[PDB]
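Working notes for the structure below.
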Ligand SMILES: CCOP(=O)(O)OCC
Ligand SMILES: [Co+2]
Ligand SMILES: [Fe+2]
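In my numbering, the protein residues as written are 15 to 343.
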């Protein structure tokens with residue numbers, strides 16, 4: 015009791031986050047896009063109503079908090095998050111940092127200047143809203159570009175100044191987490207402040223337990239992603255992959271059986287609109303997983319319990335681990 019985390023409706027006690035999905039999106043977009051072209055999504059209103067329905071579904075399934083890891087360059091719209099959060103009655107933590115689509119006004123910046131940007135969003139507020147970020151989001155897709163190295167150092171420095179954790183996009187098959195960890199540690203950032211994300215996109219347990227052993231959180235955060243049955247759709251296939259959700263969920267069990275229950279975070283990487291990909295991708299997605307952000311509580315948790323993972327363990331994963339991660343430290 016007494017430890018606080020920032021949400022888009024203001025500060026909440028850590029102990030009130032409850033069942034928390036630590037890597038999700040309301041809308042996967044680009045900076046300025048929802049302002050310039052809202053009809054792409056039907057309308058902003060159609061978008062918000064879809065999002066509220068989704069989050070109410072997740073809520074009815076026991077989800078109390080999502081961490082929306084949309085950065086600036088994912089076109090994060092913190093006013094939109096606040097509105098859907100209020101209407102659905104689900105807590106949303108917003109993000110600072112940069113994903114892998116930074117425009118030139120960011121790409122030209124120094125590590126110092128990025129640190130000041132990330133600190134602004136955490137300590138002052140995003141835009142003119144006063145809504146403060148409660149997590150820093152970074153990305154690589156393979157070996158870090160030169161600019162990506164600065165982003166990761168700036169994320170570490172902002173995290174050390176504020177205690178707010180860092181979470182990452184990886185290309186899991188290329189084992190990005192190992193270079194991310196090296197860079198974070200060169201800045202003196204504690205591995206317990208760091209989640210290495212999209213780690214369920216691989217079945218390489220040597221890679222995963224190696225990170226877990228060093229104290230990193232391992233984000234198994236793309237649960238409902240499977241393109242099985244969708245072989246004739248090259249865009250669906252490249253994005254969702256050819257492994258089933260049961261295969262992804264088996265990784266959670268594998269890490270628990272190897273003693274790493276406290277190093278796991280689970281999520282969907284779901285969204286309610288998606289302009290940064292092919293047109294109509296959202297129809298394909300909703301067909302594959304009509305449960306949205308309830309898929310984890312409805313399908314994954316009972317699959318684990320039936321594999322014999324104890325209720326306490328499953329609570330520790332979905333409640334205690336996010337609370338410990340999000341708590342400024
Ligand atoms: C907004 C899209 O972000 P991502 O987590 O990189 O991938 C979503 C499939
Ligand atoms: Co990602
Ligand atoms: Fe994501």
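Even for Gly, the Cβ is constructed at its ideal location relative to N, Cα and C.
Host beta strand (DSSP E) of residue i (start-end)
i	result
residue 27	24–27
residue 153	149–153
residue 20	18–21
residue 111	109–112
residue 234	231–234
8 Å Cβ cutoff met for residue i and residue j
i	j	result
residue 211	residue 233	yes
residue 46	residue 108	no
residue 309	residue 41	no
residue 180	residue 150	yes
Residue i: CB within 7 Å of a non-hydrogen atom of ligand 2
i	result
residue 105	no
residue 82	no
residue 283	yes
Heavy atom of ligand 3 within 7 Å of residue i beta-carbon
i	result
residue 39	yes
residue 215	no
Distance between residue j and residue i (C-alpha atoms, nearest Å)
i	j	result
residue 311	residue 182	23 Å
residue 74	residue 104	10 Å
residue 302	residue 237	12 Å
residue 218	residue 142	43 Å
residue 158	residue 199	15 Å
residue 14	residue 195	No answer is possible for residue 14: it lies beyond the span of the chain, which begins at 15 and ends at 343.
residue 86	residue 329	32 Å
residue 95	residue 240	27 Å
residue 176	residue 247	44 Å
residue 307	residue 300	11 Å
Neighbourhood of residue i by C-beta distance below 8 Å, restricted to the same chain and skipping five residues each side
i	result
residue 164	123, 124, 125 and 128
Residues near residue i by beta carbon distance below 6 Å, same chain, minus five either side
i	result
residue 36	81, 279, 281 and 336
residue 221	189
residue 154	162 and 190
Terminal residues of the alpha helix (DSSP H) in which residue i lies
i	result
residue 295	295–302
residue 264	259–271
Own chain partners of residue i with C-beta closer than 7 Å, once the 5 adjacent residues on each side are dropped
i	result
residue 268	219
Near ligand 1: residue i beta-carbon under 7 Å from a heavy atom
i	result
residue 210	no
residue 174	no
residue 183	yes
residue 269	no
residue 220	no
Ligand 5 heavy atom lying under 7 Å from the CB of residue i
i	result
residue 87	This structure simply doesn't include ligand 5; it includes ligand 1, ligand 2 and ligand 3 instead.
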